[PDB]
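Take a look at the structure set out below.
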Amino acid sequence: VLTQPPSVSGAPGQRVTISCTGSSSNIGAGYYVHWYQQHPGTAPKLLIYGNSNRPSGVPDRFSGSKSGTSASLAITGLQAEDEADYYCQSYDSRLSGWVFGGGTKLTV
Amino acid sequence: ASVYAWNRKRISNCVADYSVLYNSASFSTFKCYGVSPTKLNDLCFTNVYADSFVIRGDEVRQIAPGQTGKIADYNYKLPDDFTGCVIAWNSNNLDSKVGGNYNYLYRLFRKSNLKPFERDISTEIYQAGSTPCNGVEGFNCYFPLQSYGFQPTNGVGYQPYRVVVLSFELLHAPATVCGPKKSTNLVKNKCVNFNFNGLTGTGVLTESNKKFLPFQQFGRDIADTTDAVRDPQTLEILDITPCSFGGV
Amino acid sequence: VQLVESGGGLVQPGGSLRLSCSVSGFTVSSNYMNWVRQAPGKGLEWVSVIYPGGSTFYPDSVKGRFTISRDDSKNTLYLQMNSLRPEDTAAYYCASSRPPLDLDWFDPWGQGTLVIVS
Amino acid sequence: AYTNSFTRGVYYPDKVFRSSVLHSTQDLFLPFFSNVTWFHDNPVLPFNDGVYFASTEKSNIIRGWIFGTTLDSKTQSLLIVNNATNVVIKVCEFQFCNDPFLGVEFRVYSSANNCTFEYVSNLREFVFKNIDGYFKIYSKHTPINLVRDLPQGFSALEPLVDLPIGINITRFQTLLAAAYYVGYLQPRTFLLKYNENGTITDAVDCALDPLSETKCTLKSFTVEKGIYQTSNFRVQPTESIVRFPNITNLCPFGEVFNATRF
Ligand SMILES: *[C@@H]1O[C@H](CO)[C@@H](O[C@@H]2O[C@H](CO)[C@@H](O)[C@H](O)[C@H]2NC(C)=O)[C@H](O)[C@H]1NC(C)=O
Ligand SMILES: *[C@@H]1O[C@H](CO)[C@@H](O)[C@H](O)[C@H]1NC(C)=O
Ligand SMILES: *[C@@H]1O[C@H](CO)[C@@H](O)[C@H](O)[C@H]1NC(C)=O
Ligand SMILES: *[C@@H]1O[C@H](CO)[C@@H](O)[C@H](O)[C@H]1NC(C)=O
Ligand SMILES: *[C@@H]1O[C@H](CO)[C@@H](O)[C@H](O)[C@H]1NC(C)=O
Ligand SMILES: *[C@@H]1O[C@H](CO)[C@@H](O)[C@H](O)[C@H]1NC(C)=O
Ligand SMILES: *[C@@H]1O[C@H](CO)[C@@H](O)[C@H](O)[C@H]1NC(C)=O
Ligand SMILES: *[C@@H]1O[C@H](CO)[C@@H](O)[C@H](O)[C@H]1NC(C)=O
């Protein structure tokens with residue numbers, strides 16, 4: 001399991017990001033970091049797929065970059081759309097697991 | 001070729017110099033199934049099929065009998081009794097492009113798994129649901145193939161690797177593909193254990209004064225005993241004299 | 001498309017559940033499918049990976065216990081958990097259709113199945 | 001038309017040197033004095049154990065052959081084209097014309113898919129046989145001093161190639177851009193007379209007559225004065241006679257099927 005920060009706190013408006021350091025087979029989690037904006041009490045909803053890429057419906061906040069054994073899940077223009085629980089996933093060791101990191105409950 | 005559309009070359013009627021492939025260090029994977037990697041030169045087969053494709057590092061483990069996954073099940077499936085050796089090497093500095101090299105594609109979606117050495121190259125838009133796609137992408141309408149984003153900044157697991165699988169097929173046939181053959185120095189005027197092509201025995205070899213016809217490989221006397229051979233290399237005719245023996 | 005999970009809830013310890021993971025839009029037979037479990041305060045680990053050809057990979061979470069499946073006739077998946085370990089107290093997730101040069105790995109998630117397994 | 005094959009059609013059974021010895025061997029050979037067909041057309045002909053071919057062309061009109069079974073792309077077939085200085089031997093799933101020929105241009109087949117093998121390297125004689133996967137071709141080129149005949153001389157055909165191709169040859173057809181002869185081989189035993197230089201100088205067809213039969217028994221090319229036992233006469237059966245007793249005491253099936261009450 002990749003080392004993810006326990007929590008993210010802030011009020012909306014200040015530029016912020018959710019860094020996630022985890023080798024996950026290296027390759028910045030294989031550019032395979034599945035970032036999900038999980039609502040509190042609701043099933044996880046993927047925010048950005050293919051970390052550098054923005055999936056359909058991704059907010060203007062949506063951003064993502066991976067370096068070496070580390071990742072940078074960024075949301076720009078902190079607004080109400082950001083307050084959610086975040087989850088990152090990658091293949092287990094070097095497999096096709098789609099295992100999950102530490103999880104980031106971003107709470108405002 | 002793309003792994004979804006691998007290029008099968010049939011190797012036949014030739015000398016398979018496996019010692020070069022075995023001895024060199026250019027390969028990162030060399031998994032031989034049914035044969036010994038150091039005895040490959042001595043195994044003669046009817047057909048050798050060279051399956052050339054590119055897969056990702058994490059998928060090299062999938063190029064084997066019994067493996068599963070998006071490539072193993074929907075792109076390139078090997079039989080459980082596959083005979084041959086799988087050879088692959090890291091090609092990061094050859095295929096990757098700065099903006100991403102997307103010229104290599106693999107099949108991700110298929111109605112069913114491939115048969116051994118089955119090559120399915122259809123480009124019909126895959127209908128995942130019950131709504132006909134009619135050439136239009138949308139909900140439950142996904143293209144069955146996807147490209148690889150091969151880039152020089154990708155991690156090793158996402159770097160391209162070039163894989164060549166040499167499939168060994170033995171059919172009810174003469175078996176025309178074999179490795180190089182061993183040869184030794186000629187010893188004259190001494191008892192040796194000799195093997196000239198398929199003619200074996202023990203005896204003393206001397207220069208012959210016999211003249212063979214251009215197509216005759218060995219001489220035989222009136223008692224079906226070999227008494228002369230042509231040297232397979234230098235076209236010298238050699239007489240075979242039995243080793244001296246007798247009662248004491 | 002709509003994926004509604006069913007069968008989750010309260011079941012006595014040790015048993016098996018023939019839960020069903022309904023899916024609409026994309027007839028669930030020929031997409032690379034994955035099933036994962038995620039307890040409260042816990043993360044989602046791929047309990048099973050139902051390859052569309054038929055192959056199933058259960059890397060970490062599930063261990064010989066849970067079977068991922070689909071009902072071909074109704075285009076709705078079935079989420080078998082049987083012989084659940086006391087460790088199986090968790091919720092289910094069963095959606096995998098990646099896209100809408102890319103990666104496209106485990107994009108969507110359905111309504112989910114919440115199960116209390118003591 | 002037919003002619004007398006005389007003593008033609010012998011070839012070296014194997015690649016073995018023999019000096020001043022009479023060697024007895026059984027193989028597929030063209031019978032001595034066999035009845036062989038004289039062709040002046042090119043129909044499809046059957047191929048049994050093997051085919052003997054000879055031609056006496058001065059313009060080299062006949063320069064190819066078709067061998068196979070279906071000859072229609074359903075199965076593998078062998079196509080040989082000898083133009084000028086380059087002979088092409090090819091085994092492919094050929095789709096042949098219903099009346100194949102060569103021009104003076106190549107119109108032999110309309111397609112030649114899934115090729116498996118390729119090799120490039122007066123009176124002309126050839127033997128074509130496919131034994132255990134090897135297609136063996138023998139040839140000889142000699143002077144000709146007859147205008148419309150098959151000289152009553154003797155030459156042994158030498159091995160040329162041994163293509164390791166798993167081909168079933170049951171029918172064949174010639175390829176032409178002249179006259180040629182086609183005969184068939186049979187599994188007879190021949191006594192081959194080798195010279196001191198390893199060549200074949202004469203031969204006896206062991207089934208030709210009682211005198212030739214005697215030669216094989218003594219394994220000599222000269223038969224001395226006397227009486228020799230050469231064979232064993234056996235009268236063969238002409239019919240098959242099987243007999244069993246009169247069929248009597250038949251089973252009362254009528255009492256059950258034709259019963260008055262069921
Ligand atoms: C029952 O009777 C019928 C006819 O009365 C039999 O059929 C005859 O069988 C005989 C052989 O026994 C033939 O020679 C006749 O030509 C048949 N005629 C007809 C019209 O079928 C029948 O075989 C009888 N049952 C048994 C068991 O013999
Ligand atoms: C075998 O190789 C040697 C190498 O010098 C060459 O001299 C010889 O001619 C070759 N043999 C044949 C039969 O060509
Ligand atoms: C060929 O066969 C015919 C009849 O079938 C026969 O009359 C003729 O003599 C035969 N030819 C030879 C050379 O015996
Ligand atoms: C004979 O045919 C082959 C192929 O059919 C061709 O390559 C060759 O050049 C031809 N011969 C000549 C003398 O051109
Ligand atoms: C090509 O030849 C092989 C055998 O050499 C055969 O198995 C295969 O079916 C052939 N392909 C076609 C399209 O006929
Ligand atoms: C020869 O033909 C038979 C049937 O006609 C077939 O079973 C066999 O495999 C064929 N073999 C070759 C080498 O053509
Ligand atoms: C046999 O070969 C020798 C060459 O050493 C030659 O002198 C002799 O005349 C030949 N004899 C025949 C019958 O060809
Ligand atoms: C069989 O029938 C024949 C008349 O066809 C008769 O002569 C003979 O005796 C019968 N056999 C027996 C064993 O009665």
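Here's how to read the names in the structure tokens: chain A, B, ... by the order shown, residue numbers from 1 in each chain, ligand numbers from 1 in the order shown.
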Requested in this report: With a distance cut-off of 8 Å and only C-alpha atoms, select the neighbouring residues of range 98-106 of chain C, excluding the residue or stretch itself and same-chain residues fewer than 5 positions from it, and output the selection as a VMD selection string.
Outcome: (chain A and resid 31 to 32 34 49 to 50 55 to 56 98) or (chain B and resid 100 to 102 138 to 139 146 to 150) or (chain C and resid 34)
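Using only C-alpha atoms and all ligand atoms, residues with at least one atom at most 10 Å away from any atom of ligand 3 are residues 1, 2, 3, 4, 5, 6, 33, 34, 35, 36 and 37 of chain D.
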Exercise: residue 18 in chain A partners within 10 Å, only C-alpha atoms, chain neighbours under 3 positions left out, as a JSON list (two decimals) with C-alpha atoms, in the first residue's frame:
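Resulting contents of around18.json:
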```json
[["chain", "number", "residue", "atom", "x", "y", "z"],
["A", 4, "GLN", "CA", -0.83, 8.42, 1.38],
["A", 5, "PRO", "CA", -1.37, 11.35, 3.74],
["A", 7, "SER", "CA", -6.07, 13.79, 5.77],
["A", 8, "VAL", "CA", -6.30, 17.11, 3.94],
["A", 21, "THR", "CA", 4.25, 8.87, -2.36],
["A", 63, "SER", "CA", -4.89, 17.59, -12.00],
["A", 64, "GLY", "CA", -2.33, 14.84, -11.60],
["A", 71, "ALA", "CA", 2.56, 11.28, -7.04],
["A", 72, "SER", "CA", 0.88, 14.76, -6.88],
["A", 73, "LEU", "CA", -2.95, 14.66, -7.05],
["A", 74, "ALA", "CA", -3.79, 18.35, -7.42],
["A", 75, "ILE", "CA", -7.11, 20.20, -7.30],
["A", 86, "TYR", "CA", -9.55, 10.70, -1.97],
["A", 104, "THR", "CA", -6.81, 10.55, 1.67],
["A", 106, "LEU", "CA", -9.75, 15.46, 2.55]]
```
Query raised in the report: Once you count only C-alpha atoms and all ligand atoms, which residues end up within 7 Å of ligand 7, and could you hand them over as a PyMOL selection string?
Result: (chain B and resi 211) or (chain D and resi 195-197)
Write the residues you've just listed into a file as a PDB file, in the first residue's frame, and include N, CA, C and O atoms for each of them.
```pdb
ATOM      1  N   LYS B 211      38.373 -43.888 -56.310  1.00  0.00           N
ATOM      2  CA  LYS B 211      37.699 -42.731 -56.889  1.00  0.00           C
ATOM      3  C   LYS B 211      36.190 -42.932 -56.824  1.00  0.00           C
ATOM      4  O   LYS B 211      35.645 -43.816 -57.491  1.00  0.00           O
TER       5      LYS B 211
ATOM      6  N   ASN D 195      30.664 -51.702 -61.944  1.00  0.00           N
ATOM      7  CA  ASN D 195      32.016 -51.799 -62.468  1.00  0.00           C
ATOM      8  C   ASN D 195      33.029 -51.409 -61.395  1.00  0.00           C
ATOM      9  O   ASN D 195      32.681 -51.106 -60.253  1.00  0.00           O
ATOM     10  N   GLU D 196      34.306 -51.406 -61.778  1.00  0.00           N
ATOM     11  CA  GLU D 196      35.349 -51.036 -60.828  1.00  0.00           C
ATOM     12  C   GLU D 196      35.303 -49.564 -60.451  1.00  0.00           C
ATOM     13  O   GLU D 196      35.932 -49.174 -59.463  1.00  0.00           O
ATOM     14  N   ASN D 197      34.590 -48.738 -61.215  1.00  0.00           N
ATOM     15  CA  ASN D 197      34.499 -47.310 -60.942  1.00  0.00           C
ATOM     16  C   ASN D 197      33.184 -46.912 -60.286  1.00  0.00           C
ATOM     17  O   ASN D 197      32.867 -45.723 -60.232  1.00  0.00           O
TER      18      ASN D 197
END
```
Requested in this report: Could you give me the residues within 8 Å of ligand 2, counting only C-alpha atoms and all ligand atoms, as a list in words?
Outcome: residues 232, 233, 234 and 235 of chain B
Please produce an output containing N, CA and C atoms for each residue in the selection, written as a PDB file, in the first residue's frame.
```pdb
ATOM      1  N   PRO B 232      32.984 -35.529 -44.969  1.00  0.00           N
ATOM      2  CA  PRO B 232      31.967 -34.489 -45.206  1.00  0.00           C
ATOM      3  C   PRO B 232      32.514 -33.094 -45.446  1.00  0.00           C
ATOM      4  N   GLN B 233      33.702 -32.770 -44.943  1.00  0.00           N
ATOM      5  CA  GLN B 233      34.224 -31.422 -45.121  1.00  0.00           C
ATOM      6  C   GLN B 233      35.149 -31.364 -46.326  1.00  0.00           C
ATOM      7  N   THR B 234      36.419 -31.699 -46.140  1.00  0.00           N
ATOM      8  CA  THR B 234      37.313 -31.816 -47.279  1.00  0.00           C
ATOM      9  C   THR B 234      36.933 -33.077 -48.038  1.00  0.00           C
ATOM     10  N   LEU B 235      36.789 -32.982 -49.359  1.00  0.00           N
ATOM     11  CA  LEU B 235      36.239 -34.116 -50.098  1.00  0.00           C
ATOM     12  C   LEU B 235      37.336 -35.142 -50.388  1.00  0.00           C
TER      13      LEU B 235
END
```
Query raised in the report: Which parts of chain C does DSSP call strand (DSSP E or B) when run on the backbone here, written out as a PyMOL selection string?
Result: chain C and resi 2-6+10-11+17-24+33-38+45-50+56-57+66-71+76-81+91-93+113-114+116-117
Mind dumping the selected residues with N, CA and C atoms as a short mmCIF file (atom, residue, chain, number, x, y, z; two decimals), in the first residue's frame?
```cif
data_model
loop_
_atom_site.label_atom_id
_atom_site.label_comp_id
_atom_site.auth_asym_id
_atom_site.auth_seq_id
_atom_site.Cartn_x
_atom_site.Cartn_y
_atom_site.Cartn_z
N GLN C 2 -26.26 1.82 -15.74
CA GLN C 2 -26.47 1.85 -14.31
C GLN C 2 -26.09 0.50 -13.72
N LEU C 3 -25.28 0.54 -12.67
CA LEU C 3 -24.84 -0.67 -11.98
C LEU C 3 -25.33 -0.62 -10.55
N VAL C 4 -26.34 -1.44 -10.24
CA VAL C 4 -26.93 -1.49 -8.91
C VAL C 4 -26.55 -2.83 -8.28
N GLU C 5 -25.86 -2.78 -7.15
CA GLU C 5 -25.45 -3.98 -6.45
C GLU C 5 -26.54 -4.44 -5.49
N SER C 6 -26.65 -5.75 -5.32
CA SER C 6 -27.66 -6.32 -4.44
C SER C 6 -27.08 -7.54 -3.74
N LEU C 10 -26.68 -8.01 6.35
CA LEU C 10 -26.25 -8.74 7.53
C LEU C 10 -26.43 -10.24 7.30
N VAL C 11 -25.35 -10.99 7.46
CA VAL C 11 -25.36 -12.44 7.35
C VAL C 11 -24.55 -13.01 8.51
N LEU C 17 -22.68 -15.92 0.47
CA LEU C 17 -23.69 -15.04 -0.10
C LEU C 17 -23.62 -15.13 -1.62
N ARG C 18 -24.77 -15.38 -2.24
CA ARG C 18 -24.89 -15.37 -3.70
C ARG C 18 -25.42 -14.00 -4.10
N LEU C 19 -24.67 -12.96 -3.79
CA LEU C 19 -25.08 -11.61 -4.14
C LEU C 19 -25.01 -11.43 -5.65
N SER C 20 -25.75 -10.44 -6.14
CA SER C 20 -25.82 -10.17 -7.57
C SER C 20 -25.48 -8.70 -7.79
N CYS C 21 -24.68 -8.43 -8.82
CA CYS C 21 -24.25 -7.07 -9.14
C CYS C 21 -24.89 -6.68 -10.46
N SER C 22 -26.10 -6.14 -10.41
CA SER C 22 -26.79 -5.78 -11.64
C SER C 22 -26.07 -4.65 -12.35
N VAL C 23 -26.15 -4.66 -13.68
CA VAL C 23 -25.54 -3.64 -14.52
C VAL C 23 -26.49 -3.35 -15.67
N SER C 24 -26.65 -2.08 -16.01
CA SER C 24 -27.46 -1.65 -17.13
C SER C 24 -26.59 -1.00 -18.19
N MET C 33 -13.49 -7.22 -16.06
CA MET C 33 -14.22 -6.93 -14.84
C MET C 33 -13.35 -7.15 -13.61
N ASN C 34 -13.57 -6.31 -12.61
CA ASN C 34 -12.88 -6.43 -11.33
C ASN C 34 -13.89 -6.25 -10.21
N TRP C 35 -13.68 -7.00 -9.13
CA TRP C 35 -14.50 -6.87 -7.93
C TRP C 35 -13.57 -6.68 -6.74
N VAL C 36 -13.94 -5.73 -5.87
CA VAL C 36 -13.11 -5.30 -4.76
C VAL C 36 -13.96 -5.22 -3.50
N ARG C 37 -13.30 -5.25 -2.35
CA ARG C 37 -13.98 -5.13 -1.06
C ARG C 37 -13.35 -3.99 -0.27
N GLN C 38 -14.19 -3.24 0.43
CA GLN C 38 -13.73 -2.07 1.18
C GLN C 38 -14.60 -1.92 2.42
N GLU C 45 -9.60 -3.18 -2.01
CA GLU C 45 -8.59 -4.05 -2.59
C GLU C 45 -9.29 -5.00 -3.55
N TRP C 46 -8.66 -5.28 -4.69
CA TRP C 46 -9.34 -6.03 -5.73
C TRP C 46 -9.56 -7.46 -5.28
N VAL C 47 -10.77 -7.76 -4.81
CA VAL C 47 -11.09 -9.10 -4.32
C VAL C 47 -10.98 -10.11 -5.46
N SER C 48 -11.44 -9.73 -6.65
CA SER C 48 -11.35 -10.59 -7.81
C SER C 48 -11.22 -9.73 -9.06
N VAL C 49 -10.66 -10.33 -10.11
CA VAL C 49 -10.49 -9.65 -11.38
C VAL C 49 -11.01 -10.56 -12.49
N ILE C 50 -12.28 -10.37 -12.86
CA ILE C 50 -12.95 -11.24 -13.81
C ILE C 50 -12.59 -10.78 -15.21
N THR C 56 -10.27 -15.33 -13.86
CA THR C 56 -10.52 -14.58 -12.63
C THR C 56 -9.25 -14.53 -11.80
N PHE C 57 -8.86 -13.33 -11.38
CA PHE C 57 -7.69 -13.13 -10.55
C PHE C 57 -8.10 -12.51 -9.22
N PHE C 66 -14.32 -15.65 -2.23
CA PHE C 66 -15.29 -14.93 -3.05
C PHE C 66 -15.12 -15.30 -4.51
N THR C 67 -16.25 -15.48 -5.19
CA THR C 67 -16.28 -15.76 -6.62
C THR C 67 -17.00 -14.63 -7.34
N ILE C 68 -16.35 -14.05 -8.34
CA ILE C 68 -16.94 -13.01 -9.17
C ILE C 68 -17.55 -13.68 -10.40
N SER C 69 -18.77 -13.27 -10.75
CA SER C 69 -19.47 -13.91 -11.85
C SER C 69 -20.48 -12.94 -12.45
N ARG C 70 -21.09 -13.36 -13.55
CA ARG C 70 -22.11 -12.57 -14.21
C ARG C 70 -23.18 -13.49 -14.77
N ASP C 71 -24.42 -13.02 -14.77
CA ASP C 71 -25.55 -13.74 -15.34
C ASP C 71 -25.69 -13.28 -16.78
N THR C 76 -26.62 -8.91 -16.01
CA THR C 76 -26.37 -8.45 -14.65
C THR C 76 -25.40 -9.41 -13.98
N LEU C 77 -24.36 -8.86 -13.37
CA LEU C 77 -23.33 -9.68 -12.75
C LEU C 77 -23.83 -10.26 -11.43
N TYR C 78 -23.22 -11.36 -11.01
CA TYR C 78 -23.50 -11.97 -9.72
C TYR C 78 -22.24 -11.97 -8.88
N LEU C 79 -22.36 -11.53 -7.63
CA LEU C 79 -21.21 -11.38 -6.73
C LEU C 79 -21.29 -12.47 -5.67
N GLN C 80 -20.71 -13.63 -5.95
CA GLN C 80 -20.69 -14.72 -4.93
C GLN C 80 -19.62 -14.40 -3.87
N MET C 81 -20.02 -14.38 -2.60
CA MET C 81 -19.08 -14.60 -1.47
C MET C 81 -19.53 -15.86 -0.72
N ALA C 91 -17.60 -4.02 2.45
CA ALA C 91 -18.58 -3.68 1.42
C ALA C 91 -18.02 -4.03 0.05
N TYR C 92 -18.90 -4.15 -0.94
CA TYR C 92 -18.51 -4.66 -2.25
C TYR C 92 -18.53 -3.55 -3.31
N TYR C 93 -17.70 -3.72 -4.34
CA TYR C 93 -17.67 -2.86 -5.51
C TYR C 93 -17.39 -3.71 -6.75
N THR C 113 -22.29 -2.50 -2.80
CA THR C 113 -23.02 -3.40 -1.92
C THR C 113 -22.40 -3.33 -0.53
N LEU C 114 -23.19 -2.92 0.45
CA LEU C 114 -22.74 -2.81 1.83
C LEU C 114 -23.20 -4.03 2.62
N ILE C 116 -22.66 -6.35 6.28
CA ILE C 116 -22.19 -6.51 7.65
C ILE C 116 -21.96 -8.00 7.87
N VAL C 117 -20.69 -8.40 7.97
CA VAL C 117 -20.33 -9.81 8.10
C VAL C 117 -19.59 -10.04 9.41
#
```
Query - Contacts to ligand 5 at 8 Å cut-off (only C-alpha atoms and all ligand atoms) as number ranges by chain - result: D: 74, 93, 113-116
Query raised in the report: Would you list which chain B residues are within 10 Å of chain C using only C-alpha atoms, as a PyMOL selection string?
Result: chain B and resi 67-70+73-74+99-105+108-114+126-131+137-144+146-150
Just write the chosen residues, C-alpha atoms, as a PDB file, in the first residue's frame.
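And here is the file that came out, out25.pdb:
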```pdb
ATOM      1  CA  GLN B  67      -0.874 -17.288 -18.069  1.00  0.00           C
ATOM      2  CA  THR B  68      -3.914 -14.986 -18.047  1.00  0.00           C
ATOM      3  CA  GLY B  69      -4.647 -11.284 -18.444  1.00  0.00           C
ATOM      4  CA  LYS B  70      -5.652  -8.713 -21.053  1.00  0.00           C
ATOM      5  CA  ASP B  73      -6.354 -13.940 -22.973  1.00  0.00           C
ATOM      6  CA  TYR B  74      -7.355 -11.345 -25.585  1.00  0.00           C
ATOM      7  CA  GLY B  99       5.426  12.774 -26.928  1.00  0.00           C
ATOM      8  CA  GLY B 100       4.516   9.146 -26.304  1.00  0.00           C
ATOM      9  CA  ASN B 101       4.931   6.370 -28.859  1.00  0.00           C
ATOM     10  CA  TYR B 102       1.408   5.167 -29.634  1.00  0.00           C
ATOM     11  CA  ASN B 103       2.242   3.156 -32.763  1.00  0.00           C
ATOM     12  CA  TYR B 104       2.215  -0.137 -30.823  1.00  0.00           C
ATOM     13  CA  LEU B 105      -1.265  -1.451 -30.043  1.00  0.00           C
ATOM     14  CA  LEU B 108      -7.992  -5.298 -24.899  1.00  0.00           C
ATOM     15  CA  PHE B 109     -11.598  -6.256 -25.661  1.00  0.00           C
ATOM     16  CA  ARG B 110     -12.661  -9.421 -27.464  1.00  0.00           C
ATOM     17  CA  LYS B 111     -15.767 -11.590 -27.433  1.00  0.00           C
ATOM     18  CA  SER B 112     -13.704 -14.623 -26.392  1.00  0.00           C
ATOM     19  CA  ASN B 113     -10.143 -15.741 -25.823  1.00  0.00           C
ATOM     20  CA  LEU B 114      -7.824 -16.668 -28.666  1.00  0.00           C
ATOM     21  CA  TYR B 126     -16.760  -3.745 -30.190  1.00  0.00           C
ATOM     22  CA  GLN B 127     -20.367  -3.761 -28.992  1.00  0.00           C
ATOM     23  CA  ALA B 128     -20.180  -4.312 -25.244  1.00  0.00           C
ATOM     24  CA  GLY B 129     -23.913  -3.890 -24.627  1.00  0.00           C
ATOM     25  CA  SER B 130     -27.079  -4.731 -26.529  1.00  0.00           C
ATOM     26  CA  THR B 131     -27.340  -1.497 -28.543  1.00  0.00           C
ATOM     27  CA  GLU B 137     -18.968   5.244 -30.388  1.00  0.00           C
ATOM     28  CA  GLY B 138     -20.908   5.795 -27.193  1.00  0.00           C
ATOM     29  CA  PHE B 139     -22.387   4.050 -24.186  1.00  0.00           C
ATOM     30  CA  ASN B 140     -21.692   0.298 -24.405  1.00  0.00           C
ATOM     31  CA  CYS B 141     -19.737   0.971 -27.633  1.00  0.00           C
ATOM     32  CA  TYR B 142     -15.975   0.661 -27.106  1.00  0.00           C
ATOM     33  CA  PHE B 143     -13.204   0.108 -29.642  1.00  0.00           C
ATOM     34  CA  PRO B 144     -11.777  -3.392 -28.986  1.00  0.00           C
ATOM     35  CA  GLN B 146      -6.081   0.310 -27.352  1.00  0.00           C
ATOM     36  CA  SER B 147      -2.648   1.848 -27.924  1.00  0.00           C
ATOM     37  CA  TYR B 148       0.273   1.975 -25.488  1.00  0.00           C
ATOM     38  CA  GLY B 149       1.523   5.347 -24.282  1.00  0.00           C
ATOM     39  CA  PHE B 150       5.214   4.460 -24.590  1.00  0.00           C
TER      40      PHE B 150
END
```
Query raised in the report: What separation in Å, quoted to one decimal, exists between CA of residue 253 in chain D and atom 13 (C, counted along the ligand's line) of ligand 1?
Result: 12.1 Å
Query raised in the report: What do you get as a VMD selection string if you pick all residues at most 12 Å from ligand 6, counting only C-alpha atoms and all ligand atoms?
Result: (chain B and resid 171 to 174) or (chain D and resid 67 to 70 74 to 78 91 130 to 135 164 to 170)
Query raised in the report: Could you list, as a VMD selection string, all the residues within 8 Å of ligand 4, counting only C-alpha atoms and all ligand atoms?
Result: chain D and resid 81 to 88 106
Could you give me the residues within 7 Å of ligand 1, counting only C-alpha atoms and all ligand atoms, as a short mmCIF file (atom, residue, chain, number, x, y, z; two decimals) with N, CA and C atoms, in the first residue's frame?
```cif
data_model
loop_
_atom_site.label_atom_id
_atom_site.label_comp_id
_atom_site.auth_asym_id
_atom_site.auth_seq_id
_atom_site.Cartn_x
_atom_site.Cartn_y
_atom_site.Cartn_z
N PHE D 253 -41.45 -67.98 -33.93
CA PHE D 253 -41.76 -66.55 -33.93
C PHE D 253 -43.20 -66.32 -34.39
N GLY D 254 -43.70 -67.16 -35.30
CA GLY D 254 -45.07 -67.01 -35.77
C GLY D 254 -46.07 -67.17 -34.65
N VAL D 256 -45.91 -66.10 -31.71
CA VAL D 256 -45.97 -64.90 -30.87
C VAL D 256 -46.52 -63.70 -31.63
N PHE D 257 -46.01 -63.46 -32.85
CA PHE D 257 -46.42 -62.28 -33.61
C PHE D 257 -47.79 -62.46 -34.23
N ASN D 258 -48.13 -63.67 -34.61
CA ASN D 258 -49.42 -63.94 -35.23
C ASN D 258 -50.40 -64.60 -34.26
#
```
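The nearest approach to chain A among the residues C:64, C:7, C:108, C:86, with only C-alpha atoms taken into account, belongs to C:108.
Those residues in range 59-139 of chain B carrying a DSSP assignment of helix (DSSP H, G or I), computed from the backbone, are residues 59, 60, 61, 62, 70, 71, 72, 73, 74, 92, 93, 94 and 95 of chain B.
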Query raised in the report: Any idea what's packed within 12 Å of residue 162 in chain B, counting only C-alpha atoms, ignoring anything in its chain fewer than 5 positions away? Could you give it as a ChimeraX atom specification?
Result: /B:1-3,6,26-29,51-57,59-60,63,86-96,104
Query raised in the report: What residues in chain A lie within 12 Å of chain C, counting only C-alpha atoms, written as JSON, numbers by chain?
Result: {"A": [1, 2, 4, 6, 29, 30, 31, 32, 33, 34, 35, 36, 37, 38, 39, 40, 41, 42, 43, 44, 45, 46, 47, 48, 49, 50, 51, 52, 53, 54, 55, 56, 57, 58, 85, 86, 87, 88, 89, 90, 91, 92, 93, 94, 95, 96, 97, 98, 99, 100, 101, 102, 103, 104, 105]}
Query raised in the report: Using only C-alpha atoms and all ligand atoms, which protein or nucleic acid residues are at most 9 Å from ligand 8, as a ChimeraX atom specification?
Result: /D:245-248
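Contact shell of residue 103 in chain D at 10 Å (only C-alpha atoms; same-chain neighbours under 2 positions omitted): residues 61, 101, 105, 106, 107, 108, 176 and 177 of chain D.
With the cut-off set to 10 Å and only C-alpha atoms counted, chain B residues close to chain D are residues 10, 11, 12, 13, 171, 172, 173, 174, 175, 176, 210, 211, 212, 213, 214, 215, 216, 217, 218, 219, 220, 221, 222, 223, 224, 226, 227, 228 and 229 of chain B.
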